[PDB]
Amino acid sequence: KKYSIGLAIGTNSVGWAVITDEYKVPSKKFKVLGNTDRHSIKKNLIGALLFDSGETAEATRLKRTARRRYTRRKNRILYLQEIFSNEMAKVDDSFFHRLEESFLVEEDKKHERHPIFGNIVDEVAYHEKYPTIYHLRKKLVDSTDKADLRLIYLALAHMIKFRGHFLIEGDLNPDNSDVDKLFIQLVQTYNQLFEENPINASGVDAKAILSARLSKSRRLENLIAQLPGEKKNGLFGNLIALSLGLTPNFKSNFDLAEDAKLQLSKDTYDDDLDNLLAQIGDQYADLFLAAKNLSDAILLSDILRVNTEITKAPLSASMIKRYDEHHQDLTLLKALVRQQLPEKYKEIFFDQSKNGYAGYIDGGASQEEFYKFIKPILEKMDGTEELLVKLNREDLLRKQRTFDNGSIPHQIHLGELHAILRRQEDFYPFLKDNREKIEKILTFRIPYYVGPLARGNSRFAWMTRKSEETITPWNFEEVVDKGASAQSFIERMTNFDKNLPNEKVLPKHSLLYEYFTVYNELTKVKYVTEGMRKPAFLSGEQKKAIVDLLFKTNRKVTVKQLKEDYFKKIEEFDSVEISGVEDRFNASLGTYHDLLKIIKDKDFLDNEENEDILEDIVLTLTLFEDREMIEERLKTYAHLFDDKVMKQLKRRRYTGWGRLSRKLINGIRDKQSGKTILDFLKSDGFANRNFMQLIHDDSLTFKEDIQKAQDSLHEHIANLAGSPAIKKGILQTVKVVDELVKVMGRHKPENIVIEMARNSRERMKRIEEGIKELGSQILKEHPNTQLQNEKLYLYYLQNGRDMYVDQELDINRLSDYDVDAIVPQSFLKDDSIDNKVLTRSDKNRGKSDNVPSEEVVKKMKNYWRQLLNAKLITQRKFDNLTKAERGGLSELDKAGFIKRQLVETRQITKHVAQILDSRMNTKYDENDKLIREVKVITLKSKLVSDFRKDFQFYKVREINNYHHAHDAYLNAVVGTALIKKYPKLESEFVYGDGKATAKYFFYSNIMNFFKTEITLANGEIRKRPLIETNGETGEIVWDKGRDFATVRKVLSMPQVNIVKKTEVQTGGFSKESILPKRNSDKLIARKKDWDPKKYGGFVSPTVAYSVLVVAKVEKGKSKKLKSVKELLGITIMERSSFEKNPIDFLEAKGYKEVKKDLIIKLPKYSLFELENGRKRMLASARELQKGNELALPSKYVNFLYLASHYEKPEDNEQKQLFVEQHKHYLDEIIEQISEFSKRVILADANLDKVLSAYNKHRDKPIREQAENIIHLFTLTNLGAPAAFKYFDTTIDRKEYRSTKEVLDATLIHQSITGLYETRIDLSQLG
RNA sequence: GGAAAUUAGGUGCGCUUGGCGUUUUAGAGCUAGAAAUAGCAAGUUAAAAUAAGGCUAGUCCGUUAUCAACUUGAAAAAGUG
DNA sequence: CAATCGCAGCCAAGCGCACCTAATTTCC
DNA sequence: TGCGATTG
Ligand SMILES: [K+]
Ligand SMILES: [K+]
Ligand SMILES: [K+]
Ligand SMILES: [K+]
Ligand SMILES: [K+]
Ligand SMILES: [K+]
Ligand SMILES: [K+]
Ligand SMILES: [K+]
Ligand SMILES: [K+]
Ligand SMILES: [K+]
Ligand SMILES: [Mg+2]
Ligand SMILES: [Mg+2]
Ligand SMILES: [Mg+2]
C-alpha cells in the first residue's frame, strides 16, 4: 500500500483525502470508543475540517489601550484630589466623598444627595448662576474675587479630565484682535511686490470671511469672490489658502518645473519654503512671512468664536455663546410653532421616541438626526431664515459636549487652567506652591517610545528606570531612563544582518550604507566608444571621479549627466554608450547632500577620518524622535559645530533601517587582500565583482566567514507573515496530515498535494481627494454605498471620462459600457481596480491579446498622468497602461503569465510546502544528504477548476461542505498524475532542489493528456489514445477507460467526514451596551455593588462552554431534593471561578450532591446524534445547530450547475438539451430536500412554506427555478439556521432554542479528521 | 529558487493620545383636580463607570493565538484504535 | 409552548519596527 | 447569530 494526500487549505476549512495509485479513496474500519452498542465503524478516507475564522489581535489591542487610558485618566483626577486634600478638608470634609458616590441612588448614598454643596438651596443657586461648567470656567478665569475651593476644583478637574489633543507642538497663545490688520498687511506686502497689478482691500471684511463657520476651501472661495480678477489658484489665492492651513501648489504661479507644495503645519515647511525661495528669489520672503502672520490669528477660528480681547477664556466663552444662542433660538422656535403649527408641538417637544427636540435632548436622536427631522418643519414656517442658515452650518441649538470637540488642542484648556491658578493662588497658598504640579497633570503625556510604566509583570513593556520608586507626572524625567527606553524601543524590533546575525543593520540613511548602494550599482556599469572593440568596466579611478564629481554635487545622477559631464568633458569621448543604468542611477548620496546643506563643510564630509563620527550622528538622528534627546546626544560634537548648525542638525530626523550591517559592508576583510567588501566595490582590478559575487566567490574569505557566523510548530506558524485567518488553516493542515499518517500505520505518503485559496469608506475618501487635485467638480455636479458598484467606482476614478478614447461618459448609460482589463484576463487573473478601466466599448483598447495599442497610449497618456498625480490610479496601473510604448507584451511575457497560472508563487504557500517537506523528510544518506521520501506538490486552484469543468465534475458550494473534501481529492489526483506524466515538471511543482513560443504552447496544453480529442487554439484537431503512459518509464499514468469512472465513484460517495471544530468561546464577557434599569433579572451588574434593578447593566453574556450536570436541586417551598440532569452554560466571566473549584461553583448555583466524575465539558459545536441519524450541534447551552449534511446525488449536482448556468462553444447545445430532458430533476431534488428535512431538520412550518413556494413557480424558466432551488439548501445546510428566499417568498430561520433532547442522546467526540470517535450514550447517565 | 538597490501599493505586531455615546444620580418643575388626567413651564450641564475584576500592587495585568475523548503532564506536549 | 420581532459601541490622531506583492537595474 | 422581548 502506497498512498498520497490531497489538501485544500482555506480560511474556514481544510479539505483532505487519501488516494491510492489507482486514484481511489480507501475505506477502513475504525474502532469506536465509549459505552454504546457500536464497537467499530467504516469510514472513507476523505473529508474536511471546518472552523470559525481566526482573528487578528487588533481588536484586543485597541481595548487594551482603552483600559490603560481610563486607568490613567482616573489617576489624573486622583493626583489633583491629593493636592487639594488637606485644604479641602477644612472647607468641606465630605466633598470628595459626595463626588465618588454621585452615581448611587439616594437610598445607597452615605452623604447628602447634592454633591457640590450638600444642601438643596445652595445647589439650586449654583446651576441658576452657572448653567454650564463653562460659565464657571470663564468666571474663574476673568474674576478677581476669591472663589469657593470646591468650585475651583471642579473647574480644574473638568479641564484635566477632558484635556484636549496633543497634535500641535509648542505653545499656543490665541490672539483674535488683528485679523483685519494682518490681512491688510499681507495685501500691502503683495502690492509692493506687484505694483503693476495690485489688489484693492476696499472694505473686504476679512475677519468675518476668514472666521466664519465654513470649511477652509469654502472661506477661500468667499474671500476670492470679493476680489475681482483674482483666481482661487492665483498667487494671492494660494497665499490665502496657505494661511487657512491648506496645501497650495505654487508650481504654476512661478512657472516651475517641479511641485512647490507648502503647508505651515508640517515640520518640512521651513525647508520647503527655502527650496521655493531658492528658485524664485528672496524678495518673496515677506510674502510667505505675512501669510504666516495672518495664519496665527485665524489658526483657532474653528473653536474660538469670541474676540480674545474681552476674555482670557475664549473657549469657554465660545461654549457660552453656544448656550445663549441655543436659549434664544429655542425660545424663538417654541413661540413660532405655538403660532403656526400648534398641533405638532407635543411631538416636537415632548415625544422622546421622535427625532424632535425631545429626542434630541432626552431621546436617542443625534445632532444630525435632529437637523434632518426639523429641517422640513423649519422650511414650512416663516420666518425661520436665520434658523435655516444655522442648520446648514451645523450651528443650530448646539450642545457644548459634541462629537466635533476633538479639534480642541490641550494648550487651550491649559490656558484657562493656568489663568484660574493665577487668579486663585493669591488666596490659596497651596495653589501657588502646586501651580506647576497641577499644570503638569494636564500637559504630561507618556512618550510612545517609553511604553507602559510597568515593573516586571507586563509582556508589552520595555521601559527601564533610573531609580526604583513610583513614577508620577512630575518625577518622570528623573525616575524613567528616557534614553535607554527610547533606545530599547527601536532595538527590540530592528533586524540583525542575516549574513552576520550578531550585528545590527545600519540605518537606511547611513552615509556608509549609501556609499555601498552607489558603488554596488556603479561597479556593473559598462561603457563603449568608437575606438574600443568591446565594452569595459569602470576602473577604480573612474568610479572615484564619477562619485566625486556627480554624486557629491547632485542629489540624483542622470545617465545624460554621466555621458555629458564626465565621459565627454573629462575623458575626451565625443560619444559613448552606457550599459547597466537607465535614465538615472537608482542609488544616491542623499544623506551626504542633507548634511552638506546643514554643516556647510564639504571638506569635513569628505575626510574619511570623520567616518565614525558621521555614522554616530546618523544613528542618533535615526534612533530618536524627540529633538531634545537628539540635541543631548549631539553634545559630544558641539565643538565641531556652531550653535546655528546644531539647531539645524537636531531637526534632521531620519527613519528606516537597511538590510546589512556596517561590519559586513566595511568591516570584515578578505584574508589574502586585506580589503573589505566596500573596498572591492570601490576598486576590484578589472573584474568589478558586486556584492553578490563577492560573498559567493570561493577564492575569497567573505563566503566562509559569513557561513561561520550562521521554535515550536505553533510559534513558527504564528511568526509567519500573512493573515491570521489563513494561518489558522495552516496549523490545522499540519495536524490533519499527522493524523492521516498515523491512520496509514505511520507510513509516509508518496506525495502531498496542497492548494491554497486565493472598503466603502476608503473608496469615498480616495475619490474626494482625487478630484480635488484634479480640480474637477464632478463630485459637486453628481454626488458612499453606491461605490460598491464596480462601474460607478471606475466612473468617478476616471473623472467621468473614457480611458481609451478621451470622451465623456454618460453616468446613466453605465450598462452600455464595458469594464475592460488593462492586461487581458487570459494572461493575468487580476480582478482588482489596478487592472480594470471603464470604456465605451472594449474594442477601443485595440487588439484583444496585448496591452492597449500604441495609438491609444499616445492619445491618452497625458490624461493618465493627471489621474496618477491625483492618486486615482496607482503607479502599477499607469505603467501597464503605457506599456505599449515600451514594446508591449513580449512572447516571453505571455509564457511567463501562463506559467504563473499553474505555478504557485505566494510566499505563504511556499512556507506550508517547506513545513510539510521538513516534517516528512528527516532521514539522511550515507553521504549526509537529505532523503526526499515525500514530494510536496503545490497546485493552483485553476488547475482543478478547469479539470472539473472539462469533465463535468461540477461544484455547487451551497449544497453542502463536501466540495472542500472533493477539491482535496481532485488536487491529489491531478497533481500526482501531472508529476507522473511529466517528471521534468518537478522543479516547478515539487518543493526542494523560439523557446518562448514553445514554452507558451507547452504550458498552455500541459493538461491535454487527460482528453481523447483536443481542439487546439490553432484550430487543428489532435487525438490521444485511451491510456496514457510516461515517456521513459512506460508506467500507466491515466486510463481514460476507467479512471474517470473512479473519480465519479469517489465524488458520489455519500459518507464524507465533515467535522466542525469544537471551540471554547473567548472574548468579551457580554454585549457592551449599558441598558437602563429593568425589573427583569436578565441584566448583569456593571460593578459588584451596582444592583441592575437600580442602575441597569449588561445583557446577553457569552457562554464559554457548557457542562453536563448530574445532581440534585431544591424544589418547592419545602426544598425537596430532586434528581436532575441539566446543561449549564459557563459564561466567559464565570470560567475562572468555575475551573478553580467546580463543585463549589456548582453548589453556589444551587446544585447538591453533584456527580463530579460525570461532569462533561461541552464546548461550542459539540456533536450529538439522536433518532434516525438526526444530529445536533451545540450553539450554546440553550440553542442547537443543525448537525447533518445533505448528500445530494451527483446527477442532481451537475444538473443544478448546468441549469443555473444555462444562460451562460458549439458543445453548449448538448448541455442545454440535457436540462430540458431532465426538467423532472426539479421535483426529485425537492423530494430529496423534503425527505431530508422530515428526517433531520424538523421544521414543518418552513417546509410547508418551501413546498408551497416551489409549486407557485413551476411555470417559471428552468434557469430561475434551479437558481432558487440552490437557495433552498440553506434550510438543510450544516450549522446555524439562516433566512433564505425562494423567488419572492422569504423563509425565516427556524431555530432550535432548546437543548434538553441532547441530554439523553449520543454524544460524539470526533478526532480532527473525524475518523476516530468516542460515543457516549447519555441516556444511561442520571 | 535567492540577494541588494529604486519605485509604487498593502499587511501584521506594539505603544502613546483626542472626542462622543450610554448608564445612575444632582440640576426644587408649576397650576388645577380626590384621583385618572388636563393645561403650561422647562430642556444645552456635571459627577462617577466604561469589560466583573486580579495579585504580582505596577500610573501593571484582564477580549489575539492555541483546545475531541482516554492515559501522562503545571503547561507545552506525548502516548492510545 | 410556538411564531415573530428586535438588537448588537463608535469616531479620530500620532509613532516605531517587521513582513508581503509587483515592476525595473545588477548579481548569486 | 445567539438571545432578549413580544405576541399568539
Ligand atoms: K441614604
Ligand atoms: K473672483
Ligand atoms: K439625544
Ligand atoms: K439619551
Ligand atoms: K453629553
Ligand atoms: K533607473
Ligand atoms: K528618528
Ligand atoms: K480563542
Ligand atoms: K472568536
Ligand atoms: K474535534
Ligand atoms: Mg478599571
Ligand atoms: Mg460625556
Ligand atoms: Mg478617550
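Chain naming here is simple, since letters A, B, ... match the order of the sequence lines and numbering starts at 1 in each. Hydrogens, waters and symmetry mates play no part in the numbers below; they use all other heavy atoms, side chains included.
- Within 4.0 Å of A:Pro1281, counting heavy atoms only, lies no atom of the nucleic acid at all.
- The partner of B:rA68 is absent, by the rule that a Watson-Crick or G-U pair needs both atom distances under 3.5 Å.
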Scoring nucleotides 23-30 of chain B by protein non-hydrogen atoms under 4.0 Å (B base, S sugar-phosphate only, - none) yields BBBSSB--
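- Take A:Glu521 and apply the salt bridge (charged side-chain N to carboxylate O under 4.0 Å, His left out) test, not counting sequence neighbours, and it matches no residue.
- Ring centroids of A:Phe103 and A:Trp1090 are separated by less than 6.0 Å, placing the two rings close together.
- Considering only residues two or more places apart in sequence or on other chains, A:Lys1077 meets the side-chain contact (heavy atoms from CB on, under 4.5 Å) condition with none of them.
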Table of protein N/O atoms under 3.5 Å from nucleotides 4-6 of chain C N/O atoms:
none

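- Helix bend of the helix from B:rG1-C:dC28 to B:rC20-C:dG9: the angle between its two end axes, each built from five pairs, comes to 30° after rounding to 10°.
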Can you check nucleotides 68-71 of chain B for protein contacts, nitrogen or oxygen pairs under 3.5 Å, and list what you find?
unit_1: B:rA68; atom_1: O2'; unit_2: A:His1309; atom_2: ND1; d: 2.6
unit_1: B:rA68; atom_1: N9; unit_2: A:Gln1310; atom_2: O; d: 3.1
unit_1: B:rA68; atom_1: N3; unit_2: A:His1309; atom_2: O; d: 3.4

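- With sequence neighbours left out, the side chain to side chain donor-acceptor pair (under 3.5 Å) criterion links A:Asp52 to A:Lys1060, A:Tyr1165.
- Put simply, the side chain of A:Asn457 and the base of B:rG58 share no donor and acceptor less than 3.5 Å apart.
- To the nearest whole angstrom, the two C1' atoms, one in B:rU56 and one in B:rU16, are 24 Å apart.
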Intra- and inter-strand pairing of DNA chain D, written as dot-bracket with Watson-Crick and G-U pairs under 3.5 Å and | for the latter, reads ||||||.|
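- When ring centroids are compared, A:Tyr1316 and A:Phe30 come within the 6.0 Å threshold.
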Sort me out a list of protein N/O and nucleotides 24-28 of chain C N/O pairs below 3.5 Å, or just none if empty.
unit_1: C:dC27; atom_1: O4'; unit_2: A:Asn690; atom_2: ND2; d: 3.0
unit_1: C:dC27; atom_1: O3'; unit_2: A:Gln693; atom_2: NE2; d: 3.0
unit_1: C:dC28; atom_1: OP1; unit_2: A:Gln693; atom_2: NE2; d: 2.9

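- Figure legend: A:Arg64 and A:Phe460 shown as a cation-pi pair, the cationic atom lying under 6.0 angstrom from the six-membered ring centre and within 45 degrees of its axis.
- Remark: A:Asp879 engages no residue in a salt bridge (charged side-chain N to carboxylate O under 4.0 Å, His left out) (not counting sequence neighbours).
- Contact annotation: side chain of A:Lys1164 to base of D:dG2, donor-acceptor pair absent below 3.5 Å.
- In this structure, the side chain to side chain donor-acceptor pair (under 3.5 Å) partners of A:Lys524, at least two apart in sequence or on a different chain, are A:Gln693.
- Applying the 90° cutoff around 0 to the glycosidic angle, B:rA51 is assigned syn.
- The side chain to side chain donor-acceptor pair (under 3.5 Å) test applied to A:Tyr153 returns A:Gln81, not counting sequence neighbours.
- Distance CD1 (A:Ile1160) to P (B:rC67): 22 Å, rounded to an integer number of Å.
- Here A:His327 and A:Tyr323 keep their ring centres 6.0 angstrom or further from each other.
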